[PDB]
Amino acid sequence: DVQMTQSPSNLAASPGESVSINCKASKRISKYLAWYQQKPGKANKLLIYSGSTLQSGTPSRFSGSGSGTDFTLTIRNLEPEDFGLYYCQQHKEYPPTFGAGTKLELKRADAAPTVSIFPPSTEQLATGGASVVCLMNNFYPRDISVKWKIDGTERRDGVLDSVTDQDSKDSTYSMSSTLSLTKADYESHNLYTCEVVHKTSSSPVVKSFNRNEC
Amino acid sequence: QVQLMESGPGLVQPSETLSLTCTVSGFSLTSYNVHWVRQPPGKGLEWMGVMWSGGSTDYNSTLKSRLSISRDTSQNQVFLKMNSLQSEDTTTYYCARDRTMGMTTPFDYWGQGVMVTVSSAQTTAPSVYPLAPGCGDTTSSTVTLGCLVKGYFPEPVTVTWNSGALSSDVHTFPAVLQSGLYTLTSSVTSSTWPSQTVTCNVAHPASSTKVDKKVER
Ligand SMILES: *[C@@H]1O[C@H](CO)[C@@H](O[C@@H]2O[C@H](CO)[C@@H](O[C@@H]3O[C@H](CO[C@H]4O[C@H](CO)[C@@H](O)[C@H](O)[C@@H]4O)[C@@H](O)[C@H](O)[C@@H]3O)[C@H](O)[C@H]2NC(C)=O)[C@H](O)[C@H]1NC(C)=O
Ligand SMILES: [Cl-]
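Quick note, the sequences are listed as chains L and H, same order.
Here the first sequence stands for residues 1 to 94, 96 to 97, 97A, 98 to 214, where the numbers follow the entry's author numbering.
Here the second sequence stands for residues 1 to 82, 82A to 82C, 83 to 100, 100A to 100D, 101 to 210, where the numbers follow the entry's author numbering.
Take a look at the structure:
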C-alpha cells in the first residue's frame, strides 16, 4: 500500500491569512494526489485532484502542488467557511489510502466565558441522585480549566465534562461540567463552587451556591 | 446531483450481522465503483472494500474474511454485511464513489457516514431535568437556562428549544458516558424568562421517545 503521511495534525489561523498542509507518499505516485475538506453536517468534499487540478467549483484561493512523493495544499485569504478538516487521498493505485487529517482552527479575539452554575432539580433529587452543572459559554481560546469545590475542598471524583466544536456564528467554544453525587452526599455539604481559569482573567472566575438557600 | 446515503442500525449487539446500505442517486452503479470506508474511534480512514462497476468485489486483505459486499442495481443500493464486531466500538462507516477511464479518479462524492454502536446493552430513554438558576443566585437581564438529558443509550439524541422557535445561544454539548449510559446538557439564553416560557424538546429515536421539559423556578 502507499502510506500517506500528512502534517500537521493542527493549524490555527485568522480569516484572511494563509496556511499550507503537506502530504508525503511512501512511494512515488506521479501527480495522483487529491485533497478533501470535511465539515460537520457535510459529506467529505473533493477540492483538488491530480496534485494541482481544481474540481469545478473550488475557489481560486485553494491551490495544490507536487509530483512524486511530496504534495502541498495551500489555502490563501482564508474564509470562515474554510475552517474545518482537510485530508489527502492518493489515487494512483488501490487500495485507496489517506492522510490522517489536519484540523484548521479559526483564530479570533479572546472572549471570556459566561459562567453559570445550576443546583440539582427537585425532580432529580426525587430519584436519590444529584447533578450540579457548571457551564462556561462562548469563550476563546480553547484552553480552559475548571475546578469543583465542595465546602472549600476540591472534588475531582464524579466530575465529567465536554466541550463543543467551534461555534459556526462566533467561532467560540463552550464547556459543560457536571458533578454527580448521591442525594445523601449532596445534602451532607453546604457550599458548591465551580472555579474556572482562562487566559482572559488574571485570577479564576468563581460561581457558587449554598445548598442551605435552595 | 450525485448523492450517496448510508443507512443501517444505530445499535448492534456483539456478533449480530451488521448490514449497511449505501443508496445512490444521479449515477448508474454499472458506471462507477462504490467503496466502503470506516473511521474507527480516534483514527483515520480505513478502506474496507469496493463494489466494482462490473459486478466484482475486492476487500481489504486483513478484513476480507469478515466482510461481504454486494449490490442491487435496480434499487440503486450497495450493501456491506459484516460480522465479529467489537464490544463498545462506535465506528463510522462511509460509502464513496470513483471510476477509472483514462485514469483513476479519487473519490469524487462521499456519503455523510453513519455511526454504529456495538453493545449488548438495552436501549434506555433519558430522564430530562431543568437547568435553572436557584439557591440565591441573582438573575441578570439575560439568563442562561438548560436541560440535563441523563441516562440514555445509545446515541444519539436531539434537543430543540421552544419547538425550534428559540435559537439564541443554543449549545448542545457532547454527551459523556458513564456506567454504560450517556448524559448531555443543552443550554439557551433568554432575556424574557420567566414571564415567557422556555421548553426543551428532547428526542431519543432509539427508544422512540420525545419529551418536553419546561424550565421554570
Ligand atoms: C485494512 O484494514 C486494516 C484493519 O484490519 C487497517 O489497519 C489499521 O491500519 C491503521 C493504519 O496503519 C493502524 O493505525 C495505526 O496504529 C498504530 C499502532 O497503534 C498502537 O500502538 C502504538 C505503539 O504501541 C500506540 O502509540 C498507539 O496509540 C496504539 O496503541 C499507530 O502507531 C499509528 O499511528 C496508527 O494509528 C491500525 O491500528 C490498523 N488496525 C488494525 C486493527 O490492525 C488498514 O488501514 C486497512 N487498509 C487500508 C488500505 O485502509
Ligand atoms: Cl513520480
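Every residue, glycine too, gets a C-beta built ideally from N, C-alpha and C.
Under 8 Å by beta carbon: chain L residues contacting residue i
i        : result
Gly44/H  : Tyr87, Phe98, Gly99, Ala100 and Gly101
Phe27/H  : Result: empty, since nearest Cβ-Cβ is about 15 Å, beyond 8 Å.
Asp162/H : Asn137 and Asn138
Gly139/H : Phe118, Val133 and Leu135
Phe166/H : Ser162, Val163, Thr164, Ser174, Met175 and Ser176
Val169/H : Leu160, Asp161, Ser162 and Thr178
Host beta strand (DSSP E) of residue i (start-end)
i             : result
residue 226/H : Because chain H in this structure spans residues 1 to 210, residue 226/H falls outside the shown range and cannot be described.
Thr153/H      : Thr151 to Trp154
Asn137/L      : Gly129 to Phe139
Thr116/H      : Careful: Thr116/H lies outside any beta strand (DSSP E) and carries neither H nor E.
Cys23/L       : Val19 to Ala25
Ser7/L        : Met4 to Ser7
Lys81/H       : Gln77 to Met82
residue 285/L : With chain L represented from 1 up to 214, any question about residue 285/L goes unanswered, as that position is not in the structure.
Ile75/L       : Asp70 to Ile75
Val2/H        : Neither: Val2/H is in no beta strand (DSSP E) and is coded neither H nor E.
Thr21/H       : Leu18 to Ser25
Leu85/L       : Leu85 to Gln90
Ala111/L      : From DSSP, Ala111/L is part of no beta strand (DSSP E); its letter is neither H nor E.
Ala12/L       : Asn10 to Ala13
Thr202/H      : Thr202 to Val208
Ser31/H       : Note, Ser31/H: premise wrong, no beta strand (DSSP E); not H, not E.
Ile144/L      : It is not in any beta strand (DSSP E) - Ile144/L carries neither H nor E in the DSSP assignment.
Element boundaries [alpha helix (DSSP H), containing residue i]
i        : result
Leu125/L : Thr122 to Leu125
7 Å Cβ cut-off: residues of chain L touching residue i
i        : result
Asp101/H : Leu46
Partners in chain H for residue i, counting only beta-carbon separations shorter than 9 Å
i        : result
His91/L  : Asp95, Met100, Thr100A, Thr100B, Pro100C and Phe100D
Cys214/L : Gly127, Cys128 and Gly129
Beta-carbon neighbours of residue i, restricted to chain L and to distances below 9 Å
i        : result
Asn76/H  : Chain L residues near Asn76/H: none, gap ~17 Å exceeds 9 Å.
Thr176/H : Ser131, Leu160, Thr178 and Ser180
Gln105/H : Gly41, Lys42, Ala43 and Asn44
Beta-carbon neighbours of residue i, restricted to chain H and to distances below 7 Å
i        : result
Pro96/L  : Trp47 and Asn60
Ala126/L : Simply none; closest approach about 10 Å.
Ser121/L : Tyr122 and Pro123
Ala34/L  : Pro100C
Interface residues of chain H facing residue i [CB-CB closer than 8 Å]
i        : result
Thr114/L : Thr137
Kindly provide the ranges of any alpha helix (DSSP H) runs that are 4 or more residues long and lie completely inside the stretch 153-214 of chain L, ordered along the chain.
183-187
Could you give the uninterrupted runs of the beta strand (DSSP E) lying entirely in the stretch 132-198 of chain H, keeping only those of 3 residues or more?
136-145, 151-154, 169-171, 174-183 and 191-197
For the stretch 151-166 of chain L against the stretch 196-210 of chain L, do three or more pairs of beta-carbon atoms, one drawn from each stretch, fall closer than 8 Å, so that the two count as touching?
No contact exists between the stretch 151-166 of chain L and the stretch 196-210 of chain L.
Identify each residue in the stretch 43-66 of chain L for which the Cβ-Cβ distance to at least one residue of chain H is less than 7 Å, and report them in chain order.
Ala43, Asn44, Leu46 and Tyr49
At which residue ranges does the stretch 35-74 of chain H contain complete beta strand (DSSP E) runs of 3 or more residues, listed in the order of the chain?
46-51, 57-59 and 67-72
Closer than 8 Å is the cut-off here; do at least three beta carbon pairs connect the stretch 190-205 of chain H with the stretch 142-156 of chain H?
yes
Any residues in the stretch 109-133 of chain H with a beta carbon nearer than 8 Å to a beta carbon of chain L? Which ones, in chain order?
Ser120, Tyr122, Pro123, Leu124, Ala125, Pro126, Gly127, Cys128, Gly129 and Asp130
In chain order, what residues of the stretch 144-164 of chain L put their CB closer than 8 Å to some CB of chain H?
Listed by position, the residues of the stretch 144-164 of chain L near chain H (Cβ gap below 8 Å) are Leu160, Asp161, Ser162, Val163 and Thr164.
Does the pairing of the stretch 90-97 of chain H with the stretch 26-33 of chain L give three or more beta-carbon distances under 8 Å?
Contact between the stretch 90-97 of chain H and the stretch 26-33 of chain L is absent, with fewer than three C-beta pairs closer than 8 Å.
Near-chain H residues of the stretch 66-80 of chain L - C-beta to any C-beta below 8 Å
none
If the cut-off is 8 Å on Cβ atoms, which residues from the stretch 178-205 of chain H count as contacting chain L, listed in chain order?
Residues of the stretch 178-205 of chain H with a C-beta less than 8 Å from any C-beta of chain L: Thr178 and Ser180, listed in chain order.
Using a beta-carbon distance cut-off of less than 7 Å, what residues from the stretch 186-210 of chain L approach chain H?
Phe209 and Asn210
Could you tell me which uninterrupted beta strand (DSSP E) segments, each at least 3 residues in length, are contained entirely in the stretch 30-62 of chain L, listed from first to last along the chain?
33-38 and 45-49
Would you say the stretch 105-115 of chain L touches the stretch 165-178 of chain L, given that touching needs at least three Cβ pairs under 8 Å?
yes
Would you call the stretch 162-169 of chain H and the stretch 178-193 of chain H in contact, with 3 or more CB pairs under 8 Å?
yes
Report yes or no: do three or more beta-carbon pairs, one from the stretch 18-28 of chain H and one from the stretch 174-184 of chain L, lie closer than 8 Å?
no
With a cut-off of 8 Å, do at least 3 Cβ pairs link the stretch 76-91 of chain L to the stretch 135-150 of chain L?
no
The stretch 113-130 of chain H touching the stretch 43-54 of chain L, judged by at least three CB pairs closer than 8 Å
no
Pairing CB atoms from the stretch 3-22 of chain L with CB atoms from the stretch 63-82 of chain L, are three or more of them under 8 Å?
yes
Taking beta-carbon pairs under 8 Å, can you tell me which members of the stretch 140-159 of chain H lie near chain L?
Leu141 and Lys143
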